């Protein structure tokens, strides 16, 4: 018996590779927007009032050449920049950031069901924090945007169809979240309605592995 989502947390991660490789997180971005920014609003500017967290993470293994080409990250470069692994302090930081947002929380990620949600659950499981985000909800924006539009349903393809130019910085987690936000601002009332109707408990997401 959940109510209306109060915060939409636009969410994207980079990783060492695709799911079949048992990947690890290399970058994450959370962009928390209060529902009022969508309910009561060429390309729309982001809301003035948002919370943002963008962090790089040292994975415990090498990125694949393909992963490095598309994400612009490598394990060696992350290490040169002194990045720390996905550890208890990181999980605590994520939770403290989420706690600054009104509940209910809904993570919104493009192909989140395939990529971002199961990998986040796997990282948390490795720390023994298997219930840390049980109270959050989640939606996959490709599922939402397909349903609403009813071709390619990549961020870039959607954005270009809606706006005309290409999105900026397609190759970072932050760039992806910002493009997703812009898409979500096209018809924001409808998007928000769909999320409220379809949000799933994060606890129902199985870890990608382990």
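Positions refer to the first chain, counted from 1.
A.B. asks: Report, from the record, the number of residues in the deposited sequence between residue 60 and residue 61 that have no coordinates, as none, 1 to 3, 4 to 9, or 10 or more.
C.D. replies: None; the chain is continuous from residue 60 to residue 61.
A.B. asks: Count of coordinate-less deposited residues separating residue 150 and residue 151, as none, 1 to 3, 4 to 9, or 10 or more?
C.D. replies: Missing residues, residue 150 to residue 151: 10 or more.
A.B. asks: Do the C-alpha atoms of 127-135 or of 88-96 have the higher average B factor in the entry?
C.D. replies: That would be 127-135.
A.B. asks: So 176-184 or 24-32, which one's hotter by mean CA B-factor in the entry?
C.D. replies: Taking the mean C-alpha B-factor of 176-184 and of 24-32, the larger value falls to 176-184.
A.B. asks: In the PDB entry, which of 50, 66, 43, 56 has its C-alpha at the highest B-factor?
C.D. replies: It is 43.
A.B. asks: Out of 18, 9, 197, 13, which one has a C-alpha B factor higher than all the others in the entry?
C.D. replies: That would be 197, according to the entry.
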